[PDB]
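Structure first, commentary second.
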Amino acid sequence: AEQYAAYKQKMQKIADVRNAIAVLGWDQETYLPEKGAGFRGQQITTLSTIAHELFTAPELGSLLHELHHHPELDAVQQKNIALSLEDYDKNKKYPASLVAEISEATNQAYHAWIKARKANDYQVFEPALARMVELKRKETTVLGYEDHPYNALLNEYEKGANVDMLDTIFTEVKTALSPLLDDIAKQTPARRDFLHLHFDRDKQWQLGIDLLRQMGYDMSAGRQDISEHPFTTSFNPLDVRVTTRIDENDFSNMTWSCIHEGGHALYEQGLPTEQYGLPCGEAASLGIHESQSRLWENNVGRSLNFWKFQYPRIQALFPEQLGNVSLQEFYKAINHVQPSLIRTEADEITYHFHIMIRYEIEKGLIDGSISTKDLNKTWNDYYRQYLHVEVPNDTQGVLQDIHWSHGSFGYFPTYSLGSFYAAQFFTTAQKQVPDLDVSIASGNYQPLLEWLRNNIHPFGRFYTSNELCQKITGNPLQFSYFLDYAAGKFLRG
């Protein structure tokens with residue numbers, strides 16, 4: 001037990017540094033004075049270097065290798081050791097020259113992306129992106145893979161993800177959601193401009209706080225602040241902070257941002273404090289985290305049952321805006337589906353075409369079948385073919401998303417995975433929790449939070465996303481769940 005305690009001590013020290021970094025980044029987004037930005041960046045970099053030194057330390061590797069041969073340890077301890085050894089060895093695969101090259105190319109891509117957006121011309125970004133793609137292919141060979149090099153990068157951002165699995169899912173997205181979009185486009189346009197009336201900022205703020213409280217967010221172990229882009233950050237399970245943004249002329253923004261972040265935050269508040277710093281105390285994956293945000297935002301937060309209780313309350317809050325708007329009109333308006341250009345603004349149906357396009361492009365960039373030369377034309381053709389929209393300039397097209405300039409290849413699919421897990425989990429909860437829908441329609445979200453806290457939150461990384469989904473639902477991830485949820489909301493009135 002002495003050796004396992006030394007492992008825990010080392011990991012908890014690393015986690016202390018990483019959470020200090022999180023505090024500095026949270027303040028950077030919320031309260032940092034403008035002229036302090038440079039020193040704040042320097043301070044984050046210094047701490048990041050220290051954390052990395054600690055997690056690559058030879059003594060930690062020797063300890064992990066010793067603990068791998070301890071059959072005495074319990075299931076959680078053994079899983080912690082195994083996952084931490086995987087995390088540790090990943091770094092040891094990379095040659096130092098490749099690490100330095102990736103860092104230099106990421107800096108160059110950051111600067112080139114900024115100036116490309118400001119010139120509104122992808123060709124400004126193109127050389128940096130070509131360099132990035134070359135280095136990413138080298139990285140696939142360093143990481144190793146089977147069947148397709150892109151699998152090495154997919155696996156980085158979602159353990160287990162691969163081209164076979166994702167090709168199947170996205171073929172289903174195409175073949176099932178394209179007809180659904182054709183059906184939606186023939187529908188009569190819905191009233192909706194009431195969402196762009198004036199919604200008092202202080203009333204919106206308190207509404208979001210109230211909704212988070214009702215969801216189960218522990219505001220003695222968290223808090224909300226304003227930031228430019230809503231996010232959730234945890235410094236430990238007892239200090240999980242969310243941000244939101246308020247548009248006084250667009251009610252669609254804050255309320256659903258708050259519910260979305262609430263879903264992340266409830267997960268983080270449910271991870272065990274005794275596993276702080278260890279794999280079984282961390283969220284299972286980006287896809288599972290996204291399933292929590294989407295399950296609350298959409299499967300709950302856009303559902304008629306949720307609004308049967310919440311709508312009269314928000315009408316009372318905003319009677320000049322909503323007092324002559326019916327529950328059905330409001331429900332239809334908050335579920336407006338429309339092919340559009342910007343992924344971050346897309347409704348929950350068309351969103352997945354955005355992801356599919358990025359997936360196909362990344363898959364071609366990494367296998368060599370798609371070049372970065374004239375990538376804007378490729379992008380625009382994909383958008384016209386699948387979403388029936390005509391990209392008017394590059395900032396509305398290939399330059400919209402920052403991920404590639406950060407070197408984040410294999411990241412985009414996790415957004416869709418999150419949505420599809422959310423549907424599979426929520427439908428399963430509706431089966432397994434007897435009075436779930438009635439409870440939701442009566443304003444009680446505790447049975448749902450309890451189900452999540454028994455089935456997902458406390459396990460950390462103990463189960464992979466696949467094992468988790470199979471254990472809870474009796475099935476691997478199946479797009480059919482999302483389809484039935486979406487068709488049920490969009491196709492029969």
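Residue numbering restarts at 1 for every chain of the structure tokens, chains are lettered A, B, ... in their displayed order, and ligands are numbered from 1 as they appear.
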Q: Write out as a PyMOL selection string the residues lying within 8 Å of residue 341 (chain A), counting only C-alpha atoms and excluding same-chain residues fewer than 6 positions away.
A: chain A and resi 383+389+391+396-397
How would the residues just chosen look if you wrote them out with N, CA and C atoms as an mmCIF file, in the first residue's frame?
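The resulting result_15.cif:
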data_model
loop_
_atom_site.group_PDB
_atom_site.id
_atom_site.type_symbol
_atom_site.label_atom_id
_atom_site.label_comp_id
_atom_site.auth_asym_id
_atom_site.auth_seq_id
_atom_site.Cartn_x
_atom_site.Cartn_y
_atom_site.Cartn_z
ATOM 1 N N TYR A 383 -20.610 21.834 -48.069
ATOM 2 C CA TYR A 383 -21.732 22.558 -47.486
ATOM 3 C C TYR A 383 -22.905 22.648 -48.454
ATOM 4 N N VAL A 389 -26.592 25.100 -48.616
ATOM 5 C CA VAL A 389 -26.249 26.492 -48.359
ATOM 6 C C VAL A 389 -25.019 26.845 -49.182
ATOM 7 N N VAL A 391 -21.830 29.056 -49.242
ATOM 8 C CA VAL A 391 -20.852 29.793 -48.446
ATOM 9 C C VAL A 391 -20.449 31.087 -49.147
ATOM 10 N N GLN A 396 -17.245 32.732 -43.156
ATOM 11 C CA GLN A 396 -18.478 31.962 -43.045
ATOM 12 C C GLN A 396 -18.301 30.512 -43.476
ATOM 13 N N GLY A 397 -17.101 30.131 -43.906
ATOM 14 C CA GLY A 397 -16.821 28.793 -44.373
ATOM 15 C C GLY A 397 -15.688 28.134 -43.617
#
(Q) Need to verify the contact set: region 175-179 of chain A, 10 Å, only C-alpha atoms, exclusion of same-chain residues closer than 3 positions in sequence. Can you return it as a PyMOL selection string? (A) chain A and resi 170-172+182-185+349-350+352-353+386-387+479-480+483+486-487
Q: Figure out the distance between CA of residue 248 (chain A) and CA of residue 312 (chain A), please, to one decimal in Å.
A: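 Pair CA of residue 312 (chain A) / CA of residue 248 (chain A) returns 20.1 Å.
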Q) Can you list every residue in region 38-158 of chain A that DSSP puts in alpha helix (DSSP H), as a PyMOL selection string? A) chain A and resi 38-55+58-67+75-93+96-119+122-143+150-157
Selection from above, C-alpha atoms, as a JSON list (two decimals), in the first residue's frame, can you write it?
[["chain", "number", "residue", "atom", "x", "y", "z"],
["A", 38, "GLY", "CA", 0.65, 38.96, -21.09],
["A", 39, "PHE", "CA", 1.81, 38.14, -17.61],
["A", 40, "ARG", "CA", -1.13, 35.79, -17.15],
["A", 41, "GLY", "CA", -0.12, 33.85, -20.24],
["A", 42, "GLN", "CA", 3.43, 33.61, -18.99],
["A", 43, "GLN", "CA", 2.27, 32.35, -15.63],
["A", 44, "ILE", "CA", 0.05, 29.68, -17.15],
["A", 45, "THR", "CA", 2.93, 28.53, -19.37],
["A", 46, "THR", "CA", 5.29, 28.25, -16.42],
["A", 47, "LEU", "CA", 2.82, 26.12, -14.49],
["A", 48, "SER", "CA", 2.04, 23.99, -17.54],
["A", 49, "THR", "CA", 5.72, 23.24, -18.00],
["A", 50, "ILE", "CA", 6.01, 22.27, -14.35],
["A", 51, "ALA", "CA", 2.99, 19.98, -14.60],
["A", 52, "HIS", "CA", 4.45, 18.33, -17.66],
["A", 53, "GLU", "CA", 7.80, 17.83, -15.94],
["A", 54, "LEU", "CA", 5.99, 16.10, -13.10],
["A", 55, "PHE", "CA", 3.95, 13.83, -15.32],
["A", 58, "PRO", "CA", 11.13, 8.84, -14.50],
["A", 59, "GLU", "CA", 10.24, 8.05, -10.88],
["A", 60, "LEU", "CA", 6.56, 8.11, -11.76],
["A", 61, "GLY", "CA", 7.16, 5.72, -14.67],
["A", 62, "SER", "CA", 9.08, 3.30, -12.46],
["A", 63, "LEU", "CA", 6.31, 3.41, -9.84],
["A", 64, "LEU", "CA", 3.59, 2.76, -12.43],
["A", 65, "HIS", "CA", 5.53, -0.19, -13.86],
["A", 66, "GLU", "CA", 5.98, -1.63, -10.36],
["A", 67, "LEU", "CA", 2.30, -1.20, -9.51],
["A", 75, "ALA", "CA", -10.40, -3.07, -9.21],
["A", 76, "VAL", "CA", -10.32, 0.72, -8.98],
["A", 77, "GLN", "CA", -6.64, 0.84, -7.97],
["A", 78, "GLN", "CA", -5.65, -1.50, -10.81],
["A", 79, "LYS", "CA", -7.67, 0.53, -13.31],
["A", 80, "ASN", "CA", -6.04, 3.76, -12.08],
["A", 81, "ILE", "CA", -2.58, 2.24, -12.52],
["A", 82, "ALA", "CA", -3.39, 0.87, -15.99],
["A", 83, "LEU", "CA", -4.91, 4.11, -17.29],
["A", 84, "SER", "CA", -2.18, 6.26, -15.77],
["A", 85, "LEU", "CA", 0.44, 4.01, -17.39],
["A", 86, "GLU", "CA", -1.27, 4.45, -20.76],
["A", 87, "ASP", "CA", -1.39, 8.25, -20.22],
["A", 88, "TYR", "CA", 2.29, 8.20, -19.24],
["A", 89, "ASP", "CA", 3.62, 6.04, -22.10],
["A", 90, "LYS", "CA", 1.78, 8.08, -24.73],
["A", 91, "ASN", "CA", 4.22, 10.94, -24.08],
["A", 92, "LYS", "CA", 7.18, 8.57, -24.26],
["A", 93, "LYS", "CA", 6.28, 7.62, -27.84],
["A", 96, "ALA", "CA", 11.58, 15.51, -28.95],
["A", 97, "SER", "CA", 12.05, 17.01, -32.43],
["A", 98, "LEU", "CA", 8.44, 16.20, -33.35],
["A", 99, "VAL", "CA", 7.14, 17.78, -30.12],
["A", 100, "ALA", "CA", 9.09, 20.96, -30.88],
["A", 101, "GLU", "CA", 7.95, 20.99, -34.53],
["A", 102, "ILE", "CA", 4.29, 20.58, -33.51],
["A", 103, "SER", "CA", 4.64, 23.45, -31.03],
["A", 104, "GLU", "CA", 6.24, 25.76, -33.61],
["A", 105, "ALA", "CA", 3.65, 24.88, -36.26],
["A", 106, "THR", "CA", 0.82, 25.50, -33.79],
["A", 107, "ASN", "CA", 2.18, 28.99, -33.02],
["A", 108, "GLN", "CA", 2.44, 29.71, -36.75],
["A", 109, "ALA", "CA", -1.07, 28.38, -37.39],
["A", 110, "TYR", "CA", -2.49, 30.59, -34.62],
["A", 111, "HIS", "CA", -1.00, 33.73, -36.17],
["A", 112, "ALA", "CA", -1.90, 32.69, -39.72],
["A", 113, "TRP", "CA", -5.50, 31.90, -38.74],
["A", 114, "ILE", "CA", -5.96, 35.31, -37.11],
["A", 115, "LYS", "CA", -4.63, 37.18, -40.13],
["A", 116, "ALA", "CA", -6.51, 34.92, -42.57],
["A", 117, "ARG", "CA", -9.80, 35.65, -40.83],
["A", 118, "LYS", "CA", -9.03, 39.37, -40.88],
["A", 119, "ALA", "CA", -8.21, 39.28, -44.61],
["A", 122, "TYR", "CA", -8.26, 31.03, -46.60],
["A", 123, "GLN", "CA", -5.11, 31.11, -48.75],
["A", 124, "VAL", "CA", -3.52, 33.23, -46.02],
["A", 125, "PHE", "CA", -4.04, 30.30, -43.64],
["A", 126, "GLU", "CA", -3.21, 27.60, -46.19],
["A", 127, "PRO", "CA", 0.60, 27.25, -45.70],
["A", 128, "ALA", "CA", 0.33, 26.98, -41.90],
["A", 129, "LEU", "CA", -2.47, 24.43, -42.29],
["A", 130, "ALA", "CA", -0.40, 22.42, -44.78],
["A", 131, "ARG", "CA", 2.48, 22.31, -42.28],
["A", 132, "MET", "CA", 0.07, 21.29, -39.49],
["A", 133, "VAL", "CA", -1.40, 18.48, -41.59],
["A", 134, "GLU", "CA", 2.06, 17.14, -42.51],
["A", 135, "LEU", "CA", 3.05, 17.04, -38.85],
["A", 136, "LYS", "CA", -0.24, 15.37, -37.90],
["A", 137, "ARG", "CA", 0.39, 12.57, -40.39],
["A", 138, "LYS", "CA", 3.85, 12.08, -38.87],
["A", 139, "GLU", "CA", 2.09, 11.95, -35.49],
["A", 140, "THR", "CA", -0.21, 9.18, -36.72],
["A", 141, "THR", "CA", 2.85, 7.10, -37.55],
["A", 142, "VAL", "CA", 4.37, 7.86, -34.12],
["A", 143, "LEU", "CA", 1.18, 6.93, -32.22],
["A", 150, "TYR", "CA", -6.81, 9.01, -38.75],
["A", 151, "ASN", "CA", -7.73, 6.39, -36.12],
["A", 152, "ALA", "CA", -4.63, 7.44, -34.19],
["A", 153, "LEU", "CA", -6.01, 10.97, -33.85],
["A", 154, "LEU", "CA", -9.64, 9.95, -33.28],
["A", 155, "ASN", "CA", -8.43, 7.70, -30.44],
["A", 156, "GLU", "CA", -6.62, 10.67, -28.87],
["A", 157, "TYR", "CA", -9.83, 12.59, -28.33]]
Dump as CSV the rows for residues of region 312-387 of chain A within 12 Å of region 413-422 of chain A: closest atom pair and distance in Å with one decimal, only C-alpha atoms counted, ordered by chain and rising residue number.
residue,atom,partner,partner_atom,distance
A:343,CA,A:415,CA,10.8
A:344,CA,A:415,CA,10.9
A:347,CA,A:419,CA,11.8
A:348,CA,A:419,CA,8.3
A:349,CA,A:419,CA,10.0
A:350,CA,A:416,CA,10.9
A:351,CA,A:416,CA,8.1
A:352,CA,A:416,CA,6.1
A:353,CA,A:416,CA,9.4
A:354,CA,A:416,CA,9.6
A:355,CA,A:413,CA,6.2
A:356,CA,A:413,CA,7.6
A:357,CA,A:413,CA,10.0
A:358,CA,A:413,CA,8.2
A:359,CA,A:413,CA,6.5
A:360,CA,A:413,CA,10.1
A:361,CA,A:413,CA,11.7
A:362,CA,A:413,CA,10.2
A:363,CA,A:413,CA,11.1
Q | Shell around residue 461 (chain A) at 7 Å using only C-alpha atoms, local window under 5 positions removed, as a list in words | A |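 Residues meeting the cut-off are residues 279, 280, 282, 283 and 284 of chain A.
Closest approach to residue 24 (chain A) from the set A:233, A:188, A:464, A:168 is made by A:233, with distances taken over only C-alpha atoms.
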(Q) Given only C-alpha atoms as the basis, pick out the residue of A:120, A:330, A:468, A:365 nearest to residue 410 (chain A). (A)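 Closest to residue 410 (chain A), using only C-alpha atoms: A:365.
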Q: DSSP on the backbone, then: every residue of region 233-446 of chain A marked strand (DSSP E), written as a VMD selection string.
A: chain A and resid 233 to 234 240 to 244
Q. So how far away is CA of residue 191 (chain A) from CA of residue 210 (chain A), in Å?
A.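 Between these atoms lies a distance of 27.1 Å.
Look at residue 226 (chain A): the protein and nucleic acid residues within 9 Å of it, using only C-alpha atoms and passing over chain neighbours fewer than 2 places away, are residues 29, 30, 224, 228, 229, 230, 242, 243, 244, 245 and 246 of chain A.
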**Q.** 9 Å contact set for residue 201 (chain A), only C-alpha atoms, chain neighbours under 3 positions out, as a list in words
**A.**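 That gives residues 198, 204, 205, 206, 246, 247 and 248 of chain A.
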Q.
Under the rule that only C-alpha atoms are counted, which of A:207, A:266, A:346, A:398 is the nearest residue to residue 382 (chain A)?
A. A:398
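Restricting the calculation to only C-alpha atoms, the smallest distance between residue 194 (chain A) and any of A:308, A:275, A:298, A:250 is found for A:250.
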